[PDB]
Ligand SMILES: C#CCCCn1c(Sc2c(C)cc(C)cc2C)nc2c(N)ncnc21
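There is one chain below, alone, in structure tokens, taken in the form deposited without this ligand.
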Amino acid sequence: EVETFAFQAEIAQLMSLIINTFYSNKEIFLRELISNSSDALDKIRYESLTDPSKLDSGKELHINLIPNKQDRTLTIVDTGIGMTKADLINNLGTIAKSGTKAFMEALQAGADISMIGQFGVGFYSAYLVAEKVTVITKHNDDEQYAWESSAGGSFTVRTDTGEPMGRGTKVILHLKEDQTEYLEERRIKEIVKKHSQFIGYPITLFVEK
């Protein structure tokens, strides 16, 4: 059972701008997704300070980067607070409408796309490198869900019957054919060292056979 939703017009406009604007510095998508994972990990950590049972779904707080050249996917996994179904539908827990408005004004006022994270909509930078994004998520207060979009104005939400996650979020980037450099170990290592060297959670880059 799959539900299909329209993006709000402003979010569709943001995604088309990200997809259609010529901009070579695409690597910042990974910084933005790792920063989102760090924010989600901070949230479950804070909740656990006064209620340790919040970590019954998993005590480890970490970020995994999983490249798969056979599937042409880069997956960013975190054990953060996750997202409810309502969060997913509401632009993946962001204030994306007002964030997009602030971002697009900054662009005609001298800012550039690499600054997207300052406006709370860094998730959508995934579409710099991905033709399709799948988000698997599990929040303590809801069931496991799969969000997915290939842009084009719509996204889907369904209950996820896949591998149980415990708690957190998995962002699966189905990479564009010409963006496979982001599956190479040395390229991922370089980006993490350049942009994410001070993230306060272990970032583990998985290797492939």
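Residues that one form lacks are left out of the comparison. Residue numbers here begin at 1 and follow the sequence given. Throughout, rigid core stands for the largest set of C-alpha atoms superposing within 1.5 Å between the two forms.
Looking at 85 to 93 and 105 to 113 together, the entry lists the larger mean B-factor for 105 to 113, computed on C-alpha atoms. Higher average CA B factor: 96 to 104, of the stretches 125 to 133 and 96 to 104. Listed residues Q70, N64, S37, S149 were ranked by CA B-factor as deposited; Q70 comes out on top. Set against one another, the Cα B-factors of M165, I44, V171, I28 in the record reach their highest point at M165. In the deposited entry, the Cα temperature factor of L49 places it in the highest third of its chain's modelled residues. Among the modelled residues of the chain, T156 sits in the lowest third by CA temperature factor in this PDB entry.
Ranked by Cα temperature factor within the chain, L183 sits in the middle third according to the deposited record.
The entry lists a Cα temperature factor for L33 that places it in the lowest third of the chain's modelled residues.
A second form of this protein, the form deposited with this ligand bound, is not displayed here; the remarks below concern that form.
Take this ligand as it sits in the deposited complex, overlay the site C-alphas onto this chain, and 3 or more of its atoms land within 2.4 Å of the backbone or a C-beta, so the site here is blocked. In the deposited complex, this ligand stays beyond 4.5 Å of every heavy atom belonging to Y182. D39 belongs to the set of residues with a heavy atom inside 4.5 Å of this ligand in the deposited complex. Among heavy atoms of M83, some come within 4.5 Å of this ligand in the deposited complex. Put simply, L92 is close to this ligand in the deposited complex: some heavy atom of it is within 4.5 Å. Residues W147, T169 are the ones in 147 to 182 with at least one heavy atom within 4.5 Å of this ligand in the deposited complex, listed in sequence order.
Shifted region between this form and the one not shown (core-superposed; runs of 3+ residues, all CA displacements of 2 Å or more, residues common to both forms): 90 to 94 only.
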